[PDB]
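Below is one structure, written out as structure tokens; comments come after it.
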Amino acid sequence: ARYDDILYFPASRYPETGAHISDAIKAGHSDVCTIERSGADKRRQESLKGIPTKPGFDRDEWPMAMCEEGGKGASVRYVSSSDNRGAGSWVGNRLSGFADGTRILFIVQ
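Quick look at the structure:
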């Protein structure tokens, strides 16, 4: 199949990040994150280019910067810091056991 393991994103915990992922996948962005950590700094620079910061909001990327699928072209959406701070941390931890190159299917809730 298109994936090796599956991550179930906790949308009730981080509701705007989950909605972004779900909407992005629905629009046609990959629902697989092929883990690639080394290139994340550069991918993030590419995905966020020309997208200004916004007080009280985070710039959420799907696909994520830690995925081969991320970078220029990724869906970027502002999500309230109040309710979504920590989503990055949480996904990072949940994927930390997996090897680079592991394909992870994301399912929201």
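PDB author numbering numbers the first residue of the sequence shown as 34 and each following residue consecutively. The beta carbon of each residue, even a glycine, is placed where N, CA and C say it ideally should be.
#1: Do the CB positions of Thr135 and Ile58 come within less than 7 Å of each other?
#2: Closer than 7 Å by C-beta to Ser80: which residues in its own chain qualify, once you throw out the five before and the five after it? Chain order, please.
#3: Could you spell out the range, first to last residue, of the beta strand (DSSP E) harbouring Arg92?
#4: Would you kindly work out how many angstroms separate the C-alpha atoms of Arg127 and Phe139, rounded to a whole number?
#5: My output table needs one value for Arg35: the three-state DSSP class, helix, strand or coil.
#6: Return helix, strand or coil for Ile58, following the three-state DSSP convention.
#7: Could you give the DSSP three-state label for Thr67: helix, strand or coil?
By the coordinates alone:
#1: no
#2: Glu94, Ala98, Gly103, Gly104, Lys105, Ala107 and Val109
#3: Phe90 to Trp95
#4: 12 Å
#5: coil
#6: helix
#7: strand
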